Amino acid sequence: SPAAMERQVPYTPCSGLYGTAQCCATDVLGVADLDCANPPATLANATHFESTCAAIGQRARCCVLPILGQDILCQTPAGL
């Protein structure tokens with residue numbers, strides 16, 4: 001019984017252009033990046049991540065690091 005799977009590897013957050021997993025706010029129309037910061041919780045899975053942002057009254061959206069010269073990009077994984 002080789003123990004090679006028993007030791008799971010570090011979870012891999014939002015894989016994509018944004019590569020990061022956080023919790024931000026949105027405006028009335030839905031387009032905005034109000035109050036953006038790292039999400040404090042124990043991430044276990046997709047739904048678990050959604051519960052992380054809902055915990056403080058926010059939604060799950062993976063934002064990409066700001067780049068002087070372009071607009072801010074952010075979207076939800078699998079429409080979570």
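Think of each number as a place in line: the chain as shown, counted from 1.
Every residue gets a Cβ built from N, Cα and C, even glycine.
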Worksheet item: For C23, which disulfide partner does Swiss-Prot record out of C36, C53, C62?
Response: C53
Response to the item:
Least Cβ-packed of the disulfide-bonded residues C24, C36, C62, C63 (other Cβ atoms within 10 Å) is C36
Worksheet item: Taking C62 (disulfide bond) as the reference, which of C24, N45, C53 (the recorded positions) have a CA within 10 A of its CA?
Response: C24
Worksheet item: For the disulfide-bonded residues listed here, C14, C23, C53, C74, which shows the highest count of neighbouring CB atoms within 10 A?
Response: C23
